[PDB]
């Protein structure tokens, strides 16, 4: 995942950050304090960006040309996933964070399928 290549990848990296994004959105609903809202937004932005980065790495480094042919929907799937994260950045609604997680789950399923192949 470091581009050496090292041969070590795991959608878990993207997933954990996306989980923080949703968890933060849930907390933003229980505290309307201005400064908490600012910190939550700041931090959510950072974790969502990291989640996007991890997915980008899987897309550009892990997945090889043949994978996109075996899974015709893969390109679209990853693109929708990063866009869902961009949407989560601009929202306090936990549903947006969950949508990103749902796409990540689909990518994770394909990831392991290609690993066992």
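Numbering follows the first chain given and starts at 1.
Taking only CA atoms, the mean B-factor in the PDB entry is higher for 56-64 than for the other of 56-64 and 40-48. Relative to one another, 102-110 and 12-20 have unequal mean CA B-factors, and 102-110 is the one with the higher figure. Per the deposited record, the Cα B-factor of residue 27 falls in the highest third when ranked against the other modelled residues of its chain. Annotation for residue 91: C-alpha temperature factor in the middle third relative to the rest of the modelled chain, per the entry.
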